[PDB]
> 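Shown below is the structure under consideration.
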Amino acid sequence: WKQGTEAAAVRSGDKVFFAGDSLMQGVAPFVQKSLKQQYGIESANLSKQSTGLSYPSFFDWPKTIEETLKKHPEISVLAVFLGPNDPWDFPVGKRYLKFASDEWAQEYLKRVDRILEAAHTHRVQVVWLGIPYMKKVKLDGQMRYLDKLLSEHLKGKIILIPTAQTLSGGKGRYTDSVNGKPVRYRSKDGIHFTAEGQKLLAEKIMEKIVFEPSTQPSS
């Protein structure tokens with residue numbers, strides 16, 4: 001099944017499902033409110049601090065998504081935002097895979113594909129947010145690697161929303177504030193967002209969600 005790659009369509013009665021770590025936790029509530037007020041569209045926000053794809057033993061996102069879609073066929077959109085908890089070696093069965101090796105990347109993308117397969121089997125449109133620039137230089141290098149691994153694999157398959165340049169006003173690197181008045185989009189920990197940054201990314205998500213009236217499409 002081939003979803004749209006530019007935007008996701010929602011009809012009355014659809015639900016939007018939000019998944020990911022603390023990056024999603026702060027953004028999703030703003031999108032939930034806009035969906036409800038603008039379109040009457042309900043949503044579920046299951047994002048959870050410290051989670052990711054590398055350690056399903058802590059929290060298993062592929063399995064959670066598989067089970068949520070089975071129980072809630074009214075979900076038509078899955079939005080995903082994660083990354084910063086994942087740049088670590090991890091075990092797989094009998095093996096121990098090292099961060100950014102060929103085998104590590106292959107297993108990481110297999111977990112990504114499991115999420116896409118669950119969604120697409122159920123005709124669910126996937127929206128996936130790119131990883132922001134980080135203030136810590138080592139973490140930023142890990143996230144630039146992971147963001148490129150994900151985007152190279154996902155482009156053309158789903159809807160992608162880059163965040164790094166938007167949050168930096170185009171500077172091509174982490175910034176604390178953006179301009180005539182400076183606005184702070186990032187929190188003091190150099191990873192997460194202020195309320196203004198959360199709202200900005202929620203607006204970027206809403207640009208990718210298109211309400212479909214009952215008289216569309218036309219014959």
Side-chain angles (χ1 to χ4, degrees), residues 1 3 17-28 44-72 75 77-122 124-164 174 186-187 189-193 201:
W1 189 75
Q3 64 169 86
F17 171 17
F18 297 89
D21 71 356
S22 47
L23 298 179
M24 182 62 95
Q25 280 185 303
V27 178
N45 172 18
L46 278 63
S47 48
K48 181 171 170 65
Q49 178 181 25
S50 304
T51 61
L53 305 182
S54 295
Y55 279 92
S57 60
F58 180 65
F59 187 83
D60 190 336
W61 265 118
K63 192 171 177 185
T64 296
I65 288 166
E66 286 168 346
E67 297 177 341
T68 297
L69 296 184
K70 282 181 193 174
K71 297 170 179 188
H72 294 268
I75 292 167
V77 178
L78 168 64
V80 179
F81 198 8
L82 52 75
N85 304 124
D86 276 346
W88 300 98
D89 310 338
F90 62 75
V92 304
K94 41 181 67 174
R95 298 182 291 156
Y96 199 86
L97 308 184
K98 312 291 268 169
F99 174 69
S101 70
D102 290 349
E103 281 185 54
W104 185 103
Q106 178 187 36
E107 176 65 20
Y108 196 88
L109 293 183
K110 279 180 193 172
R111 297 168 178 191
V112 173
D113 288 346
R114 185 172 163 198
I115 291 169
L116 300 199
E117 181 74 11
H120 289 167
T121 290
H122 292 99
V124 174
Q125 308 160 100
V126 180
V127 177
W128 201 304
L129 273 70
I131 308 174
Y133 299 133
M134 303 299 175
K135 192 181 190 193
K136 282 187 171 185
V137 343
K138 295 184 198 64
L139 177 66
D140 188 53
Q142 297 172 317
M143 293 299 98
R144 289 177 179 257
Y145 165 83
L146 188 59
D147 188 65
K148 186 63 170 172
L149 182 74
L150 287 169
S151 68
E152 289 177 344
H153 183 71
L154 290 170
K155 190 161 207 165
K157 304 183 173 55
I158 64 166
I159 301 148
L160 295 181
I161 301 179
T163 67
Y174 182 90
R186 310 301 292 273
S187 55
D189 69 0
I191 297 182
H192 301 95
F193 320 117
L201 299 182

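What you see below is based on every heavy atom in this structure, not just the backbone, and it leaves out hydrogens, waters and symmetry mates. The first residue in the sequence is number 1, and the count goes up from there.
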> Please find the pair of heavy atoms, one from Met24 and one from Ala79, that lie closest to each other, and give the distance.
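Of all heavy-atom pairs spanning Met24 and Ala79, the closest is CE-O, 3.4 Å.
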> Is the ring pair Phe17/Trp61 parallel, tilted or perpendicular, if the boundaries are 30 and 60 degrees?
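Tilted.
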> Answer yes or no: is there a donor N or O on one side and an acceptor on the other, between the side chain of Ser22 and the main chain of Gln49, under 3.5 Å?
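No: the side chain of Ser22 does not pair with the backbone of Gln49.
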> What's the spacing between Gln125 CD and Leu78 CG if we round to 0.5 Å?
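Reported to 0.5 Å precision, the distance equals 10.5 Å.
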> Can any side-chain N or O of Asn85 pair as donor or acceptor with the backbone N or O of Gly52 at less than 3.5 Å?
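Absent.
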> Between the main-chain N or O of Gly20 and the side-chain N or O of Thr51, is there a donor-acceptor pair closer than 3.5 Å?
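Yes, because the side chain of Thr51 sits within donor-acceptor range (under 3.5 Å) of the backbone of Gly20.
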> With a 4.5 Å cut-off on side-chain heavy atoms, are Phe193 and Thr163 touching?
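No, side chains not in contact.
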> So which heavy atom on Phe81 is nearest to which on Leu23, and how close?
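Minimum heavy-atom separation between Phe81 and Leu23: CD2-O, 3.5 Å.
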> Go through it in stages, so that I can follow the logic: the residues are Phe99 and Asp86, the test is side-chain contact (heavy atoms from CB on, under 4.5 Å), and I'd like the CA-CA distance, side-chain angles, deciding distance and then a yes or no.
CA-CA 9 Å; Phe99 174 69; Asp86 276 346; over 6 Å; no
> Out of curiosity, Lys135 NZ to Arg186 CZ, how far, rounded to the nearest 0.5 Å?
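Answer rounded to 0.5 Å: 10.5 Å.
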> List the atom of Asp21, the atom of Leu82, and the distance in Å for their closest heavy-atom pair.
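The answer is OD1-CA, 3.6 Å.
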> Give a yes or no on whether a salt bridge exists between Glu66 and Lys70, defined as a side-chain N under 4.0 angstrom from a carboxylate O.
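Here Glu66 does not pair with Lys70 in a salt bridge, since their nearest N and O are not under 4.0 Å apart.
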> Which atom pair, heavy atoms only, marks the closest approach of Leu69 to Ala119?
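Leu69 and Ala119 have their closest heavy atoms at CD1-CA, 3.6 Å.
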> To the nearest 0.5 Å, tell me how far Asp189 CG sits from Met134 CE.
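So the gap between those two atoms works out to 9.0 Å.
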> Between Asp140 (side chain) and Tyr133 (backbone), is there a donor-acceptor pair under 3.5 Å?
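No.
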> Can you check whether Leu116 reaches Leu154 side chain to side chain, under 4.5 Å on heavy atoms?
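Result yes, sub-4.5 Å side-chain heavy-atom pair found.
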> Can you say whether the rings of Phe90 and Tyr55 are parallel (under 30°), tilted (30 to 60°) or perpendicular (over 60°)?
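Perpendicular, since the angle between the ring planes exceeds 60°.
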> Evaluate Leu46 against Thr64 for side-chain contact (heavy atoms from CB on, under 4.5 Å), listing each step before the verdict.
CA-CA 9 Å; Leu46 278 63; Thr64 296; 4.2 Å; yes
> Can you measure from CD (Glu107) to CG (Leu109) and round to the nearest 0.5 angstrom?
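Going from the CD atom of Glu107 to the CG atom of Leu109 covers 9.5 Å.
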> Any chance you could lay out the side-chain contact (heavy atoms from CB on, under 4.5 Å) test for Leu160 and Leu150, step after step, and finish with the verdict?
CA-CA 10 Å; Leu160 295 181; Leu150 287 169; over 6 Å; no
> What distance separates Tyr108 OH from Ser101 OG, expressed to the nearest 0.5 Å?
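Here the interatomic distance stands at 14.0 Å.
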> Just how far is it from atom CD of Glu117 to atom CH2 of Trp1, taken to the nearest 0.5 Å?
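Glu117 atom CD to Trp1 atom CH2 measures 12.0 Å (nearest 0.5 Å).
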> Do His153 and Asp113 touch side chain to side chain, with heavy atoms closer than 4.5 Å?
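Sidechains of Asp113 and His153: in contact.
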> Is there a donor-acceptor contact under 3.5 Å from the side chain of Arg114 to the main chain of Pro62?
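No; judged by distance alone, with no hydrogens or angles, the pair does not exist.
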> Quick one: closest heavy-atom pair of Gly83 and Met143, and the distance?
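Minimum heavy-atom contact is O-CE, 3.5 Å.
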> A side-chain contact here means heavy atoms from C-beta on lying under 4.5 Å apart; do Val92 and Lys110 qualify?
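No. Closest side-chain heavy atoms not under 4.5 Å.
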> How about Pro87 and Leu146: do any of their side-chain heavy atoms sit closer than 4.5 Å?
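Contact flag for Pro87/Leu146 side chains = no.
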> How close do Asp89 and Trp104 get, heavy atom to heavy atom, and via which atoms?
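Shortest heavy-atom contact: CA-NE1, 4.3 Å.
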> Is there a side-chain contact (heavy atoms from CB on, under 4.5 Å) between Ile158 and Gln3 once you walk through the steps?
CA-CA 7 Å; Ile158 64 166; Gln3 64 169 86; 3.5 Å; yes
